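**Student:** Chains as they are written, first to last, in the authors' numbering: chain A, 654 to 798; chain B, 7 to 188, 208 to 243; chain C, 1 to 73; chain D, 219 to 435.
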């Protein structure tokens, strides 16, 4: 979807809505993150940020009772934003499917920043960065190699 | 009366039943009475019913074609049974030899029970392991330990090991013995005070209110 | 009266490390299977299982009893 | 295994017996049916022993704030920390004005939850600690928990990531609509522990500071 090989939808061909565009913009309509789950509850269905975090938590636990209630809040929240009910619920099913793998963006980002730093240094002055890398794992002969 | 054996075979299975699909080639045992060799050695070679394994061949050398005309376990079943029945069976890695023995016994279909039911099988390795923990307790290891050569001796196979093991066995189980030698009545009962009982009540209240049970108050 | 004539007052969990074997929850569940209302653990020079003892005591309505064993000179 | 010996080693101490199992009440009652006092004294001692340790609930600490609230010290350092970051990110003052409202709204929304949950002293300690170790040569570990979703953490130089740039959410990290602890689980490079132990002892007291054991299992 990034390279134009398939139509981009927000998130699905049928089950998409343009109000999800600001939320799903960075990922080309793909549900990747825990934080996107929370932004969808905020934007689509009028959740507070804290109530949105409570939905993501409830999706981790996967309990029978628990969803039943939020499933209702998510319905009338979308209704309150004028958004179609069947669409709202069919997207909720997809959110919940992909929530299983859904990763913590802030945890990924803190570490990814460090990757980018190692990347930039090596590109601009690997003439030292490399030296540093060697020095760090001097102890390991395999890594040194 | 004490019976010494060591059986080298047509190789072994590394996994599972070391005896399954395999057969005995030579039986070489010495009989030991009052810690001495009478010289009544029972040394026989039997029918392979199969090929000698490359492993066994390298151990002390032996050709399959030599054990072809030689009789099967069925021809010396009674002969060997009476020779060892109701005596002391000292073996190295007893699980190996006994496993083969009982295997062959069942193959005869002669109602002959397992040798371990009428003879006391005792492992020398267990004893050696107790005496020398974490040390190599193989035959050749103990051999070198007590400065016995089993490598430059013409006997290759059972009779070799039997003889050597006998000497080693006796040495370890001789070695030098040792001399060595190796309710009513009145009594106070501090009973908890009323203040301690108040603390107890309060503490049980905590258990019960937080946990939903207290067996002391049940 | 209720049940108690006796409770065990010197017992080690695996947290003693010099000795003991059973983990803390399983020790508590055995005491209860024996119909005992409380439980002393006197681990060797530590309170490592105490936090877990109190969490398990609360959960089961069992009163935890405070103890530990040491060496003197 | 503890002593380093094998079972059948003669040198091994043999102070223990097969009777040292979880005997029942009745089994002990019969073992000592000649000394009933001995059983009964267990019951008695056990009832005299009553220790309250409350668990799972916190105790807070502080920072020299003068005669000021710790709350108010935080409000001050956060507004002014925000000012540093804003001049670094948008060194054009026209842009800083147009881009600013989002940050101020984020800032006070967070500030409300931090102060109403009773956090401010804790975050102050940590931010100062993080700053001092940057000034000096103390490597800080990559980890931030979900702390990258706090723009206040970023403003205060607690973190290194702009959460507003990357749509990072504070409520994963501290949720006001749920008692959410201060799990914030901040790390630093273990090589430079001695330097940090030192600073935080000067700060709070060597006796108020300790390492935490892990385990060999």
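Cβ atoms here follow ideal geometry from the backbone N, Cα and C, with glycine treated the same way.
So which of 23(C), 20(C), 9(C), 32(C) has the shortest CA-CA distance to residue 240(B)?
**Tutor:** Taking only the C-alpha atoms, the option nearest residue 240(B) is 32(C).
**Student:** According to DSSP, is residue 91(B) part of a helix, a strand, or is it coil?
**Tutor:** Three-state result, residue 91(B): coil.
**Student:** By Cβ distance below 8 Å, which residues in the same chain neighbour residue 58(B) in space, the five residues on each side in sequence not counted?
**Tutor:** Answer for residue 58(B): 16, 17, 31, 68, 69, 70, 73, listed in chain order.
**Student:** Taking a Cβ distance cut-off of 9 Å, strictly less, list which residues of the region 226-243 of chain B are near chain C, in chain order.
**Tutor:** Answer set for the region 226-243 of chain B: 228, 229, 231, 232, 233, 235, 236, 237, 238, 239, 240, 241, 242, 243.
**Student:** Measure the alpha-carbon distance for residue 54(B) versus residue 63(B) and round it to whole angstroms.
**Tutor:** If I take the Cα positions, the gap works out to 13 Å.
**Student:** Return the Cβ separation of residue 40(C) and residue 67(C) in integer angstroms, given the expectation that the two are a contact with Cβ distance under 8 Å.
**Tutor:** 5 Å between Cβ atoms; contact.
**Student:** Using a C-beta to C-beta distance shorter than 7 Å, which residues of chain D count as neighbours of residue 701(A)?
**Tutor:** Ordered by position in chain D, the residues that pass the 7 Å Cβ test against residue 701(A) are 395.
**Student:** For chain A, find out if any of its Cβ atoms is closer than 8 Å to the Cβ of residue 364(D); answer yes or no.
**Tutor:** Yes, because at least one Cβ of chain A sits closer than 8 Å to the Cβ of residue 364(D).
**Student:** Where does the unbroken beta strand (DSSP E) through residue 128(B) begin, and where does it stop?
**Tutor:** Where residue 128(B) is concerned, the enclosing beta strand (DSSP E) stretches over 126-129.
**Student:** Identify the contact partners of residue 757(A) in chain D, using a Cβ-Cβ distance below 8 Å as the criterion.
**Tutor:** 364, 390, listed in chain order.
**Student:** Given a cut-off of 8 Å on the beta-carbon distance, is the pair residue 386(D) and residue 295(D) in contact?
**Tutor:** No, the pair does not count as a contact, with Cβ atoms beyond the cut-off.
**Student:** Residue 13(B) and residue 106(B) - do their beta-carbons sit closer together than 8 Å?
**Tutor:** It is a contact, given that the beta carbons lie within the stated cut-off.
**Student:** Of all the options 349(D), 381(D), 326(D), 394(D), which has the alpha carbon lying nearest to the alpha carbon of residue 760(A)?
**Tutor:** Looking at the Cα atoms, 381(D) is the closest of the given residues.
**Student:** If we cut at 8 Å on Cβ distances, does residue 30(C) have a partner in chain D?
**Tutor:** Closer than 8 Å to some Cβ of chain D, the Cβ of residue 30(C) qualifies, so yes.
**Student:** Just list the alpha helix (DSSP H) runs in the region 109-165 of chain B, keeping only unbroken ones of 4 residues or longer that don't cross its boundaries, in chain order.
**Tutor:** Segments of the alpha helix (DSSP H) lying fully in the region 109-165 of chain B: 130-137, 145-151.
**Student:** Identify whether residue 669(A) lies in helix, strand or coil by the three-state DSSP scheme.
**Tutor:** Here residue 669(A) sits in strand by DSSP.
**Student:** Note the first and the last residue of the continuous beta strand (DSSP E) segment covering residue 63(C).
**Tutor:** Counting along the chain, the beta strand (DSSP E) containing residue 63(C) begins and ends at 63-66.
**Student:** Does DSSP put residue 53(C) in a helix, in a strand, or in coil?
**Tutor:** It is helical.
**Student:** Is the distance from the Cβ of residue 756(A) to the Cβ of residue 686(A) below 8 Å?
**Tutor:** Contact: yes.
**Student:** Any chance you could list the alpha helix (DSSP H) runs of at least 4 consecutive residues sitting entirely within the region 683-743 of chain A, in chain order?
**Tutor:** Runs found: 687-696, 702-714, 717-733.
**Student:** When the Cα of residue 156(B) is compared with those of 23(B), 66(B), 27(B), which residue comes out closest?
**Tutor:** Here the closest residue by C-alpha is 66(B).
**Student:** From this set, 317(D), 244(D), 336(D), which residue's C-alpha is nearest residue 287(D)'s C-alpha?
**Tutor:** Taking only the C-alpha atoms, the option nearest residue 287(D) is 336(D).
**Student:** Are the CB atoms of residue 49(C) and residue 13(C) nearer to each other than 8 Å?
**Tutor:** In this structure, residue 13(C) lies closer than 8 Å to residue 49(C) by Cβ.
**Student:** Give the interface partners of residue 764(A) over in chain D, defined as CB-CB distance under 9 Å, in chain order.
**Tutor:** What residue 764(A) touches in chain D: 360, 361, 362.
**Student:** Three or more C-beta pairs closer than 8 Å, one from the region 339-346 of chain D and one from the region 387-395 of chain D: is that the case here?
**Tutor:** The region 339-346 of chain D is not in contact with the region 387-395 of chain D.
**Student:** Going straight from the alpha carbon of residue 269(D) to that of residue 243(D), what length do you get?
**Tutor:** Using only the alpha carbons, I get a separation of about 24 Å.
**Student:** State yes or no: is the beta carbon of residue 38(C) nearer than 8 Å to at least one beta carbon in chain B?
**Tutor:** It does: the Cβ of residue 38(C) has a partner Cβ on chain B nearer than 8 Å.
**Student:** Residues in its own chain within less than 6 Å of residue 109(B) by CB, not counting five upstream and five downstream?
**Tutor:** Correct list, in chain order: 25.
**Student:** Does the beta carbon of residue 208(B) sit closer than 8 Å to a beta carbon anywhere in chain D?
**Tutor:** With 8 Å as the cut-off, residue 208(B) counts as an interface residue toward chain D.
**Student:** Starting from residue 323(D), trace the alpha helix (DSSP H) in both directions and tell me its first and last residue.
**Tutor:** 319-334 is the span of the alpha helix (DSSP H), which, as asked, contains residue 323(D).
**Student:** Any C-beta of chain B within less than 8 Å: which residues of the region 53-71 of chain C qualify?
**Tutor:** Listed by position along the chain: 57, 58, 59, 60, 61, 62, 63.
**Student:** Using 8 Å as the limit for Cβ to Cβ distance, is residue 258(D) near chain B?
**Tutor:** Residue 258(D) counts as touching chain B.
**Student:** Under 8 Å between C-beta atoms, does residue 225(D) make it to chain C?
**Tutor:** Cβ-Cβ to chain C under 8 Å: no for residue 225(D).
**Student:** Please decide whether residue 760(A) counts as near chain D, where near means a Cβ-Cβ distance under 8 Å.
**Tutor:** Answer yes: the Cβ-Cβ gap between residue 760(A) and chain D drops below 8 Å somewhere.
**Student:** Can you confirm whether residue 246(D), when its beta carbon is compared against all beta carbons of chain C, has any partner nearer than 8 Å?
**Tutor:** Taking Cβ atoms only, chain C reaches closer than 8 Å to residue 246(D), which makes this a yes.
**Student:** Can you list, in chain order, the residues of its chain whose CB lies under 6 Å from that of residue 352(D), leaving out five sequence neighbours each side?
**Tutor:** Within the same chain, residue 352(D) has no close Cβ partners at all.
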